[PDB]
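> Below are the structure tokens for one structure; questions will follow.
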18 protein chains.
Amino acid sequence: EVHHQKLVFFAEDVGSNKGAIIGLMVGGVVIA
Amino acid sequence: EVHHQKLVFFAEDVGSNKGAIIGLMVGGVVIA
Amino acid sequence: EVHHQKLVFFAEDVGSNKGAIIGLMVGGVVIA
Amino acid sequence: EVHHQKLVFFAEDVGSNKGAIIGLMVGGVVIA
Amino acid sequence: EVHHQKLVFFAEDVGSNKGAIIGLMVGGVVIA
Amino acid sequence: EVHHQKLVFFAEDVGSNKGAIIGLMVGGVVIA
Amino acid sequence: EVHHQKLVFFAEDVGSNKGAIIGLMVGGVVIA
Amino acid sequence: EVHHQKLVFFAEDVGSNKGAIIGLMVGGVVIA
Amino acid sequence: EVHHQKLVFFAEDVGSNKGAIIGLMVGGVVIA
Amino acid sequence: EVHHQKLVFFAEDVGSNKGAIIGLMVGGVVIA
Amino acid sequence: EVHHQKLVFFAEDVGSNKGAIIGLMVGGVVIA
Amino acid sequence: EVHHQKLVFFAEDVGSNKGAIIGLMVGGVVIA
Amino acid sequence: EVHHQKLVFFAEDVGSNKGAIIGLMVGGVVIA
Amino acid sequence: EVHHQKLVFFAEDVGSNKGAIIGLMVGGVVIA
Amino acid sequence: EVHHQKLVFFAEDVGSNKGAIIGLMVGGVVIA
Amino acid sequence: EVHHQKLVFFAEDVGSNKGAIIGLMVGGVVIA
Amino acid sequence: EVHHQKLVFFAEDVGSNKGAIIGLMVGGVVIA
Amino acid sequence: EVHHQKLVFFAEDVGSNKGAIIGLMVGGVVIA
């Protein structure tokens with residue numbers, strides 16, 4: 001029982017979130 | 001089941017989420 | 001041969017979800 | 001076995017959130 | 001409880017967050 | 001101790017956070 | 001005769017935080 | 001002058017924090 | 001002068017902080 | 001609008017190619 | 001190269017293409 | 001402002017290549 | 001043309017290349 | 001021609017290269 | 001705004017190279 | 001103001017190189 | 001009033017280079 | 001302090017190098 005690459009983003013309870021972008025390789029992003 | 005690679009994004013209870021884009025390779029991402 | 005890769009997005013008791021997408025290879029994305 | 005990559009972002013309870021972007025490599029990001 | 005590369009960001013109880021960008025190799029970033 | 005790399009940023013009870021960026025190789029950051 | 005790379009920034013109770021940038025190699029940085 | 005590296009900045013209860021930058025190599029920094 | 005690379009800065013309770021930059025190589029730094 | 005995302009692994013005039021695998025999200029890869 | 005996503009695995013005049021696999025998502029891969 | 005993302009593992013006029021693996025988010029690779 | 005983020009691993013006229021592993025986030029790589 | 005984020009591991013006229021690994025957030029790497 | 005993130009591990013006219021490891025945030029690396 | 005970030009490891013006219021590791025933040029590096 | 005931050009490990013005309021490592025912060029380095 | 005930032009480990013015309021380690025905050029460095 002062992003993990004290697006643990007990629008968790010916002011993996012939990014949340015109330016209000018605006019503008020969520022997840023990407024190892026990205027570009028040109030505008031969060032209004 | 002989670003083994004070695006775990007790619008999760010906002011995997012849980014949420015109240016109000018606006019704009020959720022997940023991608024390893026992407027471009028030009030705008031959120032209102 | 002066993003696979004140890006896992007990929008997923010938001011998935012649970014959500015209240016107000018507006019604007020969601022998942023893509024390993026995709027460009028040009030706009031959310032309202 | 002000396003490979004252990006832990007990537008946890010916003011992995012917890014939160015109230016309000018505005019502007020969330022994650023990516024090992026990116027280019028050009030604006031937060032409102 | 002041993003980990004080689006540990007990457008923890010905003011991983012805890014938070015009230016209100018505004019402008020959060022995580023990226024080992026980022027460029028041209030602005031937070032309002 | 002151990003020959004490992006641990007990175008932590010904002011991992012505790014937080015109230016109001018404005019302007020947060022993490023990048024070992026960042027260039028041009030405007031935290032308003 | 002030991003060794004370890006520890007990097008902890010802001011890991012406790014915080015109230016009003018304005019301007020947070022972490023990175024070994026950072027160029028052109030400005031906070032308000 | 002050789003041993004483990006313990007990099008710790010601001011690891012306690014704090015009220016207000018204005019202009020916080022952490023990084024060995026930093027060029028051109030305007031902390032307003 | 002010490003031997004171990006213990007870089008500890010502000011590791012206790014603090015009220016209000018105005019301009020805080022931690023790093024070995026620093027150039028063109030202005031605090032308000 | 002659509003951004004510009006290129007993903008090239010190899011080019012013409014290869015010659016002797018022995019072992020070439022490409023995968024944005026893949027696990028377990030052994031090449032002779 | 002263009003205003004879109006272009007994933008190039010191989011090109012002409014390859015000569016000897018031994019061991020070629022392309023998959024956006026897949027686990028367990030063995031090639032001679 | 002203009003932003004683009006270009007990823008290239010190799011180029012033309014290679015000659016002889018043995019053992020090539022590319023993956024944005026993978027785990028467990030061995031080359032002979 | 002102009003480009004912001006460009007991940008170049010190798011170039012033309014490489015000649016002989018043995019053992020090439022390219023990946024943003026991984027864990028567990030071995031080359032003969 | 002504004003190469004903001006340019007990550008080059010190798011250039012042209014390589015000749016002979018044995019054992020090459022590139023990764024922003026990787027771990028557990030071994031080369032013969 | 002002014003900035004530029006340029007990183008190069010090797011240049012033209014290489015010739016002979018063995019054991020190459022490039023990574024901003026990595027750990028546990030052994031080269032023969 | 002004008003600020004930039006450059007990071008060069010090796011230059012042209014190399015010839016022969018054995019054992020090269022580059023990383024702003026690495027833990028546990030052993031070369032033969 | 002600062003120009004910029006630039007770091008160079010080795011220049012051109014290196015010839016025969018054996019055992020080389022670079023990193024703003026490293027823990028546990030050994031060269032044969 | 002308010003001045004150009006140019007860190008150079010070694011210059012051109014190296015010739016024969018063996019065990020070259022560079023880094024602001026190093027730890028457990030041993031050269032054979």
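No Cβ is skipped: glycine too gets one built from the backbone with ideal geometry, and neighbour counts run over all protein chains shown. Nothing in this text is a laboratory measurement; each read-out follows from the coordinates by a stated rule.
> Can you put I:25, K:25 in order of Cβ neighbours within 10 angstrom, beginning with the fewest? Don't skip to the end; give the middle numbers.
Values: I:25 18, K:25 15.
Least crowded to most crowded, the residues run K:25, I:25.
> Quick check: the distance between the Cα centres of chain B and chain K, to the nearest angstrom?
That distance is 26 Å.
> Another question about this same structure. Let me see the pair-distance distribution of the protein assembly as shown: every alpha carbon pair, 20 Å bin width, integer percents in order.
Whole-percent P(r) values from 0 Å outward: 23, 59, 18, 0.
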